[PDB]
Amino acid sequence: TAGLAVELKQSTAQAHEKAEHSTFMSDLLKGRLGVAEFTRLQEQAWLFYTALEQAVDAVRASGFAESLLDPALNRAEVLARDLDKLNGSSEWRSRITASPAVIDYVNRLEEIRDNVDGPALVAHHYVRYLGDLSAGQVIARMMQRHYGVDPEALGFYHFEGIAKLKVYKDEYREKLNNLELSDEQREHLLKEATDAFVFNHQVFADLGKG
């Protein structure tokens, strides 16, 4: 009754805290790593965003939650543009390989794609895109300040088509509240949001491990 958006934020709050406190992300954001480690992160993100956006496309094409699944949110192509700049070459696409965590995350996203699992997809959409909308300005500024990354290579963190980010985030949360879901679908979505945070935490863990 608080609304699905508020339940999601409460349910995932601890997982969000654990992700912020992960050693790799904490070290990266504090300036203790470098542009190389930042670029390795963006490469792994390109892999899972590519899979996520295949799943989004399939669910949108099935007619589920179409207005929530705004294609302007797509991050895979802008990540590739950033990586072409960061690596000074397009050849990173033929050099990178998924970490074990990314393999697992991509496997889940491909099952969601194949099953056209709308509620599961919405959970992953919330976990990635609402986080991106919330954190992009602060993370981009940290990469620029600590590592000298030019804003031209921080496009992943920017949504130039969204004139008022807060208005958009509030509208996005209201679209979540407005979804019509059965009790099973709602519980499935909430459980998948927890799983989505775990997948993302493990991407950071793998990056920290090397």
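Residue numbers here begin at 1 and follow the sequence given.
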**Asked** In the PDB record, does 94 to 102 or 81 to 89 carry the higher mean Cα temperature factor?
**Response** 94 to 102
**Prompt:** Hey, which bit's got the bigger mean C-alpha B factor in the entry, 59 to 67 or 40 to 48?
**Reply:** 59 to 67
**Message:** When the deposited Cα B-factors of this chain's modelled residues are ordered and cut into thirds, is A5 in the lowest, the middle or the highest one?
**Reply:** lowest
**Fill in**
Chain thirds by Cα B factor, record data; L121 belongs to the lowest
**Item:** Ranked against its chain, the third holding the CA B-factor of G161
**Value:** highest
**Prompt:** Can you tell me which third, lowest, middle or highest, the CA B-factor of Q185 falls into for its chain?
**Reply:** highest
**Asked** Which third of the chain does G155 land in by C-alpha B-factor: lowest, middle or highest?
**Response** lowest
